[PDB]
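So this first bit is one chain, no partners, the form deposited in one PDB entry, shown in C-alpha cells.
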C-alpha cells in the first residue's frame, strides 16, 4: 500500500536478487523501517533479523544479537575462539543476516559476529561469507563519555563506534543511502541537519537554531521535554502527573509465556490520569498515529478496556491494549528450517507518559513539538544531531539554553571517520 521510491527499488534489487553485503542508511524517517517491514512480510523472504538491544528487537519483531549467538554480556572478540559452540549444525542454514540500528552496535561486538561466523562458516570470507544487510541511519551514534561510561579498549580500535570494526577494512559493501524526506519536511531544517551531519555548520545556522531558545514557555501543552539525564525525565513525568486532578488509574499488563520484563515498551503498572500527556507506541496501520504521537487522555474506560485521548488539536481516537511478540529464531530439527516463532507475549495499552523523554529512550520516534535540554556545556559526538532528529520542524523545536559552535565540537572527530565509508 506504499510507494516504491527510485532508491527503494534499487535497494530491494541489490538485496533480494543480487544479494551481496548491502548497507541501507539515510536520515531519521526516510523509509528504512518500512523497507525492512516490506522485506520480511508482504514479500517472499526468509532471513534472521537482529537488533542491539532487546527493546529494539521487540519493535522490529527480531531478537537480540546476544540472544541469537548465545553471547554472554562480557563477550569480547578475544573470547570468541575459546567459546564452546553447541548447536553448531543450525548455523550452516542461516543466510542473509540482517542487523537493525547498526549505528548502535559496538565496534568489538560487530567483530565478534564476524569471528563467530568465520568459525561455523567459511573462515576466510568476511562474516563467514553470509550476506550482511545493515540498516539504521548512520549518524545516530550512541553517546560516549571520556571519564564516565567507558571500557576504553584501545588494542586496535580507533573508537567504540560501529565503523571501527576490523571486518570493514577488509570488506566491500557498496553503501546505499535513503535521501527522501517526509513528515514535516521543513527544508531549511533539513539543510541545517545536513550541515550538522557534514560538520559544515555556518554562523547563520547557529543564529537560526539559537532563535528557538526560550527561558520561558507559555502554553507548554503538546511539548515533550527531551533531555539526556534519565533521572530528570522520570521526575518531570511523575511531577506533572501529581499536579493533575482526578482519580489515578492503575492498568496492568498481561505477560504471557517467556518475555523479558527488562524490555517492556511500556510499564506493566501503568499509572494514568484523565488529562495526562501520553505517547502512542504502536505506529498504527491507518497512519492516524505513529510511534511517538503525543495525545491527551480525555477519558479512561476500565471495564471496556478503552483509553480515549484527543491526539493534538482534536483528533480523538480510541485505544485498546496492544500485544508485543517475543521473536526467537530456532532450528526445527524435523522440518530442517529456521523460520521465526514467538516465545512470549506482552499485552498492554501502547501508551506512555509523554511529559518528558530521554534521547536514548526516544529512538526511532519523531515528535511534533519538543523542548530540548541544552543546558549541558558540551554534547557527546553526534548527540546534538540526534536531539534535533527527534523533531519534525524548526517551529516545533524549543531550546532551553543557547548553544555555540563549540557545543557541537567533538563531532569533528567522528565525521572524518564517517566520510571514509565509500
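Superpose the two forms; the largest set of C-alphas matching within 1.5 Å is the rigid core. Numbering follows the first chain given and starts at 1.
We do not show the form deposited in another entry, though everything after this point is about it.
Once the rigid core is lined up, just say which one of 298, 254, 202, 180 has a C-alpha that travels 2 Å or more between this form and the one not shown.
None of the others reach 2 Å, which leaves 180.
Indicate whether residue 343 shows a C-alpha shift of 2 Å or more between this form and the one not shown, with the rigid core used for the fit.
Residue 343 C-alpha, core-superposed: shift of less than 2 Å.
Threshold 2 Å Cα movement between this form and the one not shown at residue 308, rigid core reference:
No, because once the rigid core is superposed, the C-alpha of residue 308 moves less than 2 Å between this form and the one not shown.
2 Å or more on the CA of residue 352 between this form and the one not shown, with the rigid core superposed, yes or no?
No, because once the rigid core is superposed, the C-alpha of residue 352 moves less than 2 Å between this form and the one not shown.
By 3 Å or more, the Cα spacing of residue 48 and residue 30 differs in the other form; is it closer or farther than in this view?
The answer is closer, because the C-alphas of residue 48 and residue 30 approach each other in the other form by 3 Å or more.
Tell me whether residue 310 and residue 30 end up closer or farther apart in the other form, going by their C-alpha atoms; the shift is 3 Å or more.
Nearer in the other form, by 3 Å or more.
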